[PDB]
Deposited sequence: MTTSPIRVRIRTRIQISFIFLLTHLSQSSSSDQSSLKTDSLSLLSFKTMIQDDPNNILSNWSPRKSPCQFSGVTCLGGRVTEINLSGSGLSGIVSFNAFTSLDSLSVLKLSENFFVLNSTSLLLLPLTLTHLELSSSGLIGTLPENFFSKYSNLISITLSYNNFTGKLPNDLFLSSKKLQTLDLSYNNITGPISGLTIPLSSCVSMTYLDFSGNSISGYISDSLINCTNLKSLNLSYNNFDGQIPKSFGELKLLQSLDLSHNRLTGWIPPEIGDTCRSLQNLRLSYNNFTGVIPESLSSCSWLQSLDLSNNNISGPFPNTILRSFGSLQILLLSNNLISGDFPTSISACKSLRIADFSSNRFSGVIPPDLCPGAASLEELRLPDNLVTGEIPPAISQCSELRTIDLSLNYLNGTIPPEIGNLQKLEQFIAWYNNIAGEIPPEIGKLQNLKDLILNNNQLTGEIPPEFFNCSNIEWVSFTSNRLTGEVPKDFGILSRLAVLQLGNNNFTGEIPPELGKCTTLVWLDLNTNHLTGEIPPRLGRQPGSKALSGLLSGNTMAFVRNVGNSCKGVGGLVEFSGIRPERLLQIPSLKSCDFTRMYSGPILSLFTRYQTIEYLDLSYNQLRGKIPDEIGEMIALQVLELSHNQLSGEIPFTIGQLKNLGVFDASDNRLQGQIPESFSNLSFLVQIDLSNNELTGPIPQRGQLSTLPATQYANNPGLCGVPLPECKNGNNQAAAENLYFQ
């Protein structure tokens, strides 16, 4: 009863409602032009069928009454458009609609009744990122035989789902279902079993309580289950294994699940992602499920209570790239056969466990290892020299263990090493010379070991070193002034060693300088206002004001005066030099350290008066001038007077 006689009129009725066309999509929407050539419109057989204005950024106050007469419209894609629209307007759409994408389209209001049960030709429904407050319509699942894809994710939908009746005969096409990002409450419905062809079910980021239903085992075709970030409790039901003929992604993280990991997951030979992290899962880890996970790429178990020996069957996971056991009760040792079994292992994380034993040298045979974290365990032995074969290793983290021996010189073969964190171990010896071929190292932490020798001068050739922590060792000698060549060092910790001599004038990143290690660090470049910036042989605002920010030198045997070049480290915030043998006056340049916040110069032998330049230290919240030989009227301007008097004793 209509033709383009009515369709072309309908499309231009929409242009009237539009009050802003940022990209001018509706520019060619003219009655002199046919709707078949209208931007974003498609016809089949002469009548309008599709109208795609998604992402166009259109802005208006629109109503869907300008589509009703379009009784040939099968696709309606108006996603990502800044126009207001009432939720009841869904009922004014053509019943010939099959696809419907209204993501971030500006819908407001509770979902209307008699829409999902009315539009019985919709196969795909995406109404995500709107404001459908309130509950779901009772008719949501009553007559949707052909609905395959229902995405109502990321609204403010509240209320329960266990009230919705789901007839077996009306949820037969449903494969993709996404209600994530809402405030839906109550127990997970046992009725979702009736959607027998579910392949993807996502209910993450809601307020579901109660247990994972045993009925979910009946979703034989399920490939992807995400119940994460809810309040689900209880044991992971073993029936879930009855979906293992299809399951590829299982996400139960951020709930409060107790009990053991079900052994039935040993049949999930197609599993690719397993995230049980951030629960209270406990009990002996069933090693046998790992022998079936030949296709597993991601294993997230962190932040649980999982006990038992660290699983030795992890060598069967030939596809595993990420293995995260952080914060569990794993005992035993690191399996020596982990490698080359886990041939694609890239991140091995098991900090905060009860794992003992040595680091197996075979771990060098996991060729793809990028990150190793073994901290807060009970490991012994020595760092195997074979560790230098992990050419792709960027993090070796193993602080708070009982590792002994010397630092193997083979570490210099790690050209990609960026973080070497070994503090609170029992490493002895001198820092090997070959260690300094790690030119890309950014964070070195040797705190609280038994290292001896002197701080090597070759710490200056490391142009990317940002944090250096050597505190509480048996280092001797003088502070190498080469440390002042580091163009990026901003944190220096040498406290509690047997270091003598003076304090070098310039240390760490100096005013100016930049991380760049090529031509852009020199000045051979030229400005030519075919170029603009050329390398003729013979910028960096803000960053040229960066310098050391944390300098702890306390509890050593240093002598001499405090240099006045330390006043040029404007970005300094913490300056702890207490318990040395320093003398002389306090430089007036200290007042230039505006952002200084901590100044611990106790148990030295300083003399003179305190410069009133300290008044400019607006951010000084802690000072400590105990056990010195100072004298004079303490500058009352600033915070120095607001600080306690015990910081000026003796």
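* What gaps appear when the modelled C-alpha atoms are mapped onto the deposited sequence? -> 1-32, 562-569, 579-603, 716-742 are the stretches of the deposited chain that have no C-alpha coordinates in the structure.
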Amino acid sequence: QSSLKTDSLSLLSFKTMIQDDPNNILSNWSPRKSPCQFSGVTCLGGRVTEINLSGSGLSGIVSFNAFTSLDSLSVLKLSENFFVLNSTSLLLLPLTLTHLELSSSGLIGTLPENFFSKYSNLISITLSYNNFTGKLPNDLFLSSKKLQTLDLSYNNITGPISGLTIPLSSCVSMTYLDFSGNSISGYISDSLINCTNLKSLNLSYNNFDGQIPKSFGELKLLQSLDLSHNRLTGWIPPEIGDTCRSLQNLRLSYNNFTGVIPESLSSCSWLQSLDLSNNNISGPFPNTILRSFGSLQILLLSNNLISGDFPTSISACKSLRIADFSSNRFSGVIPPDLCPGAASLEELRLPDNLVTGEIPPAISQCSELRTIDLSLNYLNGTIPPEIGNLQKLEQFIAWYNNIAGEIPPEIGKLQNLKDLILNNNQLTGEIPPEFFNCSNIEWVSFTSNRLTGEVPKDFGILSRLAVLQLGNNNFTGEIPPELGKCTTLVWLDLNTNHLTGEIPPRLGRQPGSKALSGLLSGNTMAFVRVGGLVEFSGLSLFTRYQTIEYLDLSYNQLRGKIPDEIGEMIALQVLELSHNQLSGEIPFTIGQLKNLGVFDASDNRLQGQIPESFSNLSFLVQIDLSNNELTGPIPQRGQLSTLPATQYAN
From here on, numbers count along this sequence of modelled residues.
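* Asked: Out of 510-518 and 146-154, which stretch has the higher average CA B-factor listed in the record?
  -> Of 146-154 and 510-518, the stretch with the higher C-alpha B-factor average is 510-518.
* Asked: Which of the two stretches, 185-193 or 370-378, shows the higher mean Cα temperature factor in the record?
  -> Between 370-378 and 185-193, it is 185-193 that shows the higher mean C-alpha B-factor.
* Asked: Taking the Cα B-factors listed in the entry, which of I431, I411, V84, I314 comes out highest?
  -> Of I431, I411, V84, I314, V84 has the highest C-alpha B-factor.
* To do: Could you tell me which third, lowest, middle or highest, the C-alpha B-factor of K135 occupies within its chain?
  => Middle third.
* To do: Using the B-factors in the PDB entry, rank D242's C-alpha atom against the chain and give the third, lowest, middle or highest.
  => Within its chain, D242 is a lowest-third residue by C-alpha B-factor, going by the deposited values.
* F330 by Cα B-factor - lowest, middle or highest third of the modelled chain -> For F330, the deposited C-alpha B-factor lands in the lowest third.
* Could you tell me which third, lowest, middle or highest, the C-alpha B-factor of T476 occupies within its chain? => Its C-alpha B-factor belongs to the middle third of this chain's values.
* For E346, the third of its chain into which the C-alpha B factor falls -> It falls in the bottom third of the chain.
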